[PDB]
Every structure is written in C-alpha cells, then in structure tokens.
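J.: Below is a structure I'd like to ask you about.
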Amino acid sequence: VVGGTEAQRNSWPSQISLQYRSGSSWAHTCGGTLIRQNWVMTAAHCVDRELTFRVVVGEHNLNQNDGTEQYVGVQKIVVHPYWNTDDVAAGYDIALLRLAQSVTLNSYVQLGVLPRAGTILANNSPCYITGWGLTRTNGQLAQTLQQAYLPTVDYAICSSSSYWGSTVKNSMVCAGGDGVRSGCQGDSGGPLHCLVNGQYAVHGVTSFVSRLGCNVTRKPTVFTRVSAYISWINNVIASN
Ligand SMILES: *C(=O)[C@H](O)CNC(=O)NCc1ccccc1
Ligand code: NA
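Residue numbers for the sequence shown follow the working numbering, so the first one is 3 and each next one is one higher.
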C-alpha cells in the first residue's frame with residue numbers, strides 16, 4: 003500500500019497473509035480474506051505459480067511475533083475456471099483456498115462479510131484497501147499491516163479513456179487513482195473494505211494496477227468485484 007497508515011491491530015481481522023516457502027523460510031506474496039474458518043478468498047493470479055503456500059491469520063507484523071498468529075497450510079486451491087493468467091484484463095481474478103485446519107476466531111481472526119450478490123457501489127463510496135504490499139512503486143513490503151482510504155471510481159468513469167478504458171470490466175471495482183494512495187505489489191488478493199449501511203464488507207479482491215506504477219493519477223487500483231461471484235463462491239464451498 004502506497005500512502006497508507008498503519009492499521010490498528012484489530013481493525014481488519016479477516017485480512018490474511020498468503021505466503022510461500024522459500025528455502026528455510028516463508029515469504030509474503032499476497033493478501034486474502036478469511037471467509038470461512040477453513041476457506042480464504044484471494045486472487046487467482048496469486049496462486050498461478052506451483053509453490054507451497056500457507057496462510058497466516060491474526061498477522062500484524064510480518065517480521066515480529068505478534069502473539070496472535072495462527073499458521074495453516076493450504077490444502078486445496080480452486081481457481082475460477084475462466085481465469086487466464088495472460089489476460090488479467092478479462093477478469094475472473096479470484097480463487098478459493100481450503101485450509102488444512104479450521105482456524106480459531108477471536109478479536110484478531112474473524113470472517114470477512116461479503117456483499118449481497120449484484121451490489122454496485124455509488125461513485126466515490128468510502129473504502130479502505132489493506133495489505134503488506136510495497137509502500138512505494140519498486141519499493142519494499144511493509145512490515146506492519148497498512149490501510150489507505152481509496153474511494154470508489156464507478157464503471158462509467160473507470161472505463162473512460164483517460165482512466166482504464168476497455169481494460170476495466172463491470173466485473174471489477176476501481177478505487178483511488180489520486181496519484182498518492184494505491185495498492186501495490188504484495189497487496190494483490192487482499193480486501194477492499196467498503197462501509198455500507200454502517201457495516202464494512204469486502205467488496206473487492208485486489209487484482210492489478212498500472213504497469214507504469216502503483217500510485218498513478220487516473221489509474222485507480224482495480225479489484226475483482228466480490229458481489230459478481232457470490233454464487234460461484236457458495237458453489238465451490240458447497241462442493242468442497
Ligand atoms: C498485486 O499485488 C498487484 O498486481 C501489484 N501490481 C503492481 O504492483 N504492479 C506495478 C508495478 C510497477 C513496477 C514494477 C512492477 C510492478
Ligand atoms: Na507477526
């Protein structure tokens with residue numbers, strides 16, 4: 003997250019760190035959202051590589067003992083069947099991870115609330131992106147979980163020529179684009195939390211930003227629109 007602030011330890015208890023095994027250690031690669039005690043929602047592109055993955059829930063600082071973490075292996079990966087790695091602009095950037103054990107819920111570990119199917123946010127709706135992604139284009143990961151205020155940019159504006167044009171689809175949510183605050187490498191797969199009727203829900207799964215940089219004016223961060231996938235999510239969980 004570029005232009006973020008440090009999240010309070012208990013603000014976003016559904017945020018997870020998706021990590022892969024790297025020699026004798028684990029490396030953060032993406033975010034995700036805990037949606038059942040044994041299921042995580044992330045981006046399809048986060049799991050294109052044939053790696054060994056684990057999920058960390060109750061994580062705040064990637065590099066220090068928080069005293070709240072639970073570490074769990076990924077048992078099964080279900081990518082959206084229409085996902086195509088060489089065509090992120092097509093959409094379908096979403097995957098579900100079944101965890102090897104069911105995590106224990108507490109103030110640091112909670113299920114993410116998903117929007118009702120079909121829900122579209124009004125332009126300029128209040129949202130926060132969260133994650134441990136780069137704090138500058140071509141920078142380095144955050145140590146502590148970051149948040150940035152990223153109001154939505156509706157489809158009409160987002161798909162206009164000076165924004166993303168044809169690259170953005172109605173199956174996506176755009177947010178931000180102010181040139182200061184943005185998602186960035188390592189935030190992918192994580193949540194966009196939006197306040198609706200007094201309650202935060204996870205409306206987006208972080209998918210992409212500009213090849214030119216993270217915080218680029220009129221290139222808002224683009225997210226998979228969770229409310230487009232409710233039936234798919236329910237279908238996967240019910241058959242697995
Ligand atoms: C998931 O985290 C995202 O896909 C992140 N994407 C980027 O951060 N892309 C911008 C970028 C700029 C310069 C070099 C590499 C990537
Ligand atoms: Na930690």
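All residues carry an ideal CB built from backbone N, CA and C; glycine is no exception.
Starting from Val81, follow its DSSP beta bridges and name the residues at the other end.
T.: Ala97
J.: Closer than 5 Å is what we want: which residues have a beta carbon that near any heavy atom of ligand 2? List them in chain order.
T.: Checking every Cβ against the heavy atoms of ligand 2 under 5 Å gives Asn63, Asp68.
J.: Is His47 helix, strand or coil by DSSP?
T.: helix
J.: Identify the continuous alpha helix (DSSP H) that holds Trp234 and give its terminal residues.
T.: 232–241
J.: Flag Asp95 as yes when its Cβ comes closer than 6 Å to any non-hydrogen atom of ligand 1, and as no otherwise.
T.: no
J.: If we ignore side chains and look at the alpha-carbon of each, how far apart do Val111 and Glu71 end up?
T.: Distance between the alpha carbons of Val111 and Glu71 is about 9 Å.
J.: Expressed to the nearest angstrom, what Euclidean distance is found between the alpha-carbon atoms of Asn108 and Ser162?
T.: 43 Å
J.: Apart from the five residues on each side of it in sequence, which residues of its chain come closer than 7 Å, Cβ to Cβ, to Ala29?
T.: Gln21, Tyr22
J.: Given that a residue counts as buried once 16 or more other Cβ atoms are within 10 Å of its Cβ, and exposed if not, what is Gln103?
T.: exposed
J.: Excluding five sequence neighbours on each side, which residues of the same chain lie with their C-beta closer than 6 Å to the C-beta of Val49?
T.: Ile79, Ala97
J.: May I ask which residues mark the beginning and end of the beta strand (DSSP E) holding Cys32?
T.: 27–38
J.: Cβ atoms of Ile235 and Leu113: under 7 Å apart, would you say?
T.: In this structure, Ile235 does not lie closer than 7 Å to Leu113 by Cβ.
J.: Note down, in chain order, each residue of its chain lying with its Cβ closer than 8 Å to the Cβ of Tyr165, except the 5 sequence neighbours on either side.
T.: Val155, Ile159, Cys176, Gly179, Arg220, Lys221, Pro222
J.: So for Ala177, helix, strand or coil by DSSP?
T.: strand
J.: Helix, strand or coil for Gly215, going by three-state DSSP, please let me know.
T.: In the structure shown, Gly215 falls within a strand segment according to DSSP collapsed to helix, strand and coil.
J.: Kindly indicate the opening and closing residues of the alpha helix (DSSP H) around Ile131.
T.: No alpha helix (DSSP H) contains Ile131, which is instead part of the beta strand (DSSP E) from 129–133.
J.: Is it buried or exposed, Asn126, if we count other Cβ atoms within 10 angstroms and call 16 or more buried?
T.: exposed
J.: Looking at C-alpha atoms only, which residue of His82, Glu8, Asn140 is the closest neighbour of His62?
T.: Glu8
J.: Comparing C-alpha positions only, which one of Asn140, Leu136, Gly141 sits nearest to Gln149?
T.: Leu136
J.: What did DSSP end up calling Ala158 once you bin it into helix, strand or coil?
T.: Three-state result, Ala158: helix.
J.: Got a sec, what are the start and stop residues for the beta strand (DSSP E) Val4 sits in?
T.: Under the DSSP assignment, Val4 falls outside any beta strand (DSSP E); it carries neither an H nor an E label.
J.: Would you tell me roughly how many angstroms separate the C-alpha atoms of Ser233 and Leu123, rounded to the nearest one?
T.: 19 Å
J.: Per DSSP, what are the beta-bridge partners of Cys196 in this structure?
T.: Per DSSP, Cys129, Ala203.
J.: Excluding the 5 residues preceding and the 5 following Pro15 in the sequence, name in chain order all residues of the same chain whose CB lies nearer than 7 Å to its CB.
T.: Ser109, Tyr110, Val111, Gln112
J.: Beta strand (DSSP E) containing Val58: first to last residue?
T.: 55–59
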